Structure formats: structure tokens, C-alpha cells
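Taken one at a time, structure 1 and structure 2 that follow are two forms of one protein chain, written as C-alpha cells.
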Structure 1
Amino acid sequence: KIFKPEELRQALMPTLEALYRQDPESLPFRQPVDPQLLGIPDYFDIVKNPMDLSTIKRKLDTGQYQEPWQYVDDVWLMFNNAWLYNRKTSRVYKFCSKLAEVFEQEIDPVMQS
């Protein structure tokens, strides 16, 4: 399968918009984690490949995703980073789990069509 980066933007962005629409749950994920602001100097040691909603959006806008699984992989990376770093009792971990539930519902059909 070959994929038109504009047809992939138009097909995938509604799945990304679905994540942005979650308030408060998307708020920690809208910009890159800043360990200095959050006071977590070990973050970049634990998380080798950061990802966040703004980075995925800019990649989608710059035609960075040759095929859609590459997009799906970045969304799951963002989730797995937050689950790795954060305690299970934490607000951000629980927010992550909510976003992943939203993403699974939204991406399911899209990757069918």
C-alpha cells in the first residue's frame, strides 16, 4: 500500500484531535515534557525517546509519516513513555490510560479504512 501524505493527514488528524479534546487528560501531553519545569532531572535518563502531542502534530503537518503505522507507533510511544516514567497512582499515569482508551477506539476503524 502507497499512502498520500495529505490523505494520511486528513485520515489520521481526527484521531489526534480526539486526544487533544480530552480535558483535563490531554493537558500534560500537549507540549514536550520539560524536566526542569517539572523538577524531574532523571526524566531524560529513563525516557530515551520523548514524544508528545505537539511533535506528532508537526510530523503529520510536515508529511513525516510515510505510512500510518508510523503514526500509530509515535502515539503509543508517547503513552508508553508516560507509563514508564510515572507511578501508577499518579495523575499523569491515569490520564495516559484514558487517552490510550480514546485512541484505540478512534484509530480502530481508521486503519480499517
Structure 2
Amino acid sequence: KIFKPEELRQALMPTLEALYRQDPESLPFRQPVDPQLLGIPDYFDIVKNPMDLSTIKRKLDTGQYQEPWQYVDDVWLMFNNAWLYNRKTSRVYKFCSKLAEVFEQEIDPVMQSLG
């Protein structure tokens, strides 16, 4: 099980695409949280390892995932950051849960075909 970077990218991209295509639910995740702009200075005290869809795309595009599970970990990291920081009935949390639902449905067959 060694992965050619461009094949790993071609296999995983559709799952990322499916997250981006969710409108409105992807919109808070399409770019990084900037706590200084938002005036939420407690954010990096709770979210130690920020992640968002733009960063995941960059990493997927520049060979930073050697194995499929590192991509999965980063998608879950984005979700878990939102779920820990935000109120359960908040738009961000509700939106996050939708992306998670989409990801769960998308990722499973893909991971089985990879290994």
C-alpha cells in the first residue's frame, strides 16, 4: 500500500467536491476562521489545530496526504473544531453536521476501493 499522489488526489477529490457543492452549508468552511477579524479571541484557546476546506484542498493538491486516512483525519478535524466551538443549534454547527452527513455517505465506498 503505497500511493501515487495524483491517483490519491483523483480518488479523494470527488468527496471534497461534494462538501464544497453544499450551498449554504459549506460557506462557513470554505476559508479559515480568522478570530482577529471576527473578534473571537477565545477561538484558538479552544481550536488548537484549525482546519477548513480551502486548506484541505491545498494539501490534497500539493501531495501533503501520503495516505487516505490523513485526509479523513483533516476532514474530521474541521468538523470537530466546529462542533466544540459552536452552539448545537447555531448555523455553523447545523451546517457542519450536514457536511458530516455528506462526507460519511461519500467516503465509505471510496476508502474501500483504495484499500
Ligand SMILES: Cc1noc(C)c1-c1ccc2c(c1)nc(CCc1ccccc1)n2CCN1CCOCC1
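Each residue is numbered by where it sits in the sequence of structure 1, with counting from 1. C-alpha atoms forming the largest set that superposes within 1.5 Å between two forms make up the rigid core. Shifts are known only where both forms have a C-alpha.
Structures 1 and 2, same chain in two forms; the form deposited with this ligand bound is found in structure 1. At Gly39, the distance the Cα travels between structure 1 and structure 2 is 2.4 Å after the core is superposed.
The two forms, fitted on their core, place the C-alpha of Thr89 1.4 Å apart, compared between structure 1 and structure 2. Core superposition places the Cα of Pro24 0.2 Å apart between structure 1 and structure 2. When the two forms are fitted on their rigid core, the residues between structure 1 and structure 2 that move as a run of three or more, each C-alpha shifted by 2 Å or more, fall solely in 36-39.
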